[PDB]
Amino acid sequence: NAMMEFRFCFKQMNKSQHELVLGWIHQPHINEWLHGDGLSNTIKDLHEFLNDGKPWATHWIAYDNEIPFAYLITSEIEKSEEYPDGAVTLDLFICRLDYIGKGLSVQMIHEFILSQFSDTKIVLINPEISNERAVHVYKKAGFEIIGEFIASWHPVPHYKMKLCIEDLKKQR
């Protein structure tokens, strides 16, 4: 009545995409921000995920029709603390240079959350403060800075940023 779609596709990784993503996360534009212990941890966990191990996170790939272009990593936080309904923590990597547009990244973020976590209350993302473009894109997507911290894997300042899924929907 008078008071009443997505471009991208997302799937959990499978072994056939392993080498693709491995190449992706060794590109200089990615290694600007993913390196050292962060990179090492990523490679290990992706392997555990793909090989019926004990992965800590879920590993995803984003598609634009037939074209894979991004790699995303999610892990859940149990109900408790400041997150009584829990929360999902997101890491993302736009791995094709022709896909790096800020407006495109925001759309991908929104479509991923709505396609895979529509039932979730809160998404958290944690960029290095120096990664000015990421901070800017996440703010554009509706994430708000809720604190700063020094990351165990890369002990420089980072923001803790939070997005309300229900705000996203009402504003979507």
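Start at 1 with the first residue shown and count on from there.
On average the C-alpha atoms of 77-85 have higher B-factors than those of the other stretch, with 77-85 and 94-102 being the two compared. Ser152: CA B factor in the middle third of modelled residues in this chain (values from the PDB entry).
Per the deposited record, the Cα B-factor of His136 falls in the middle third when ranked against the other modelled residues of its chain. Ranked against the other modelled residues of its chain, the C-alpha B-factor of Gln107 as given in the entry falls in the lowest third. Ranked by C-alpha B-factor against the other modelled residues of its chain, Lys11 falls in the lowest third. Annotation for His59: C-alpha temperature factor in the lowest third relative to the rest of the modelled chain, per the entry.
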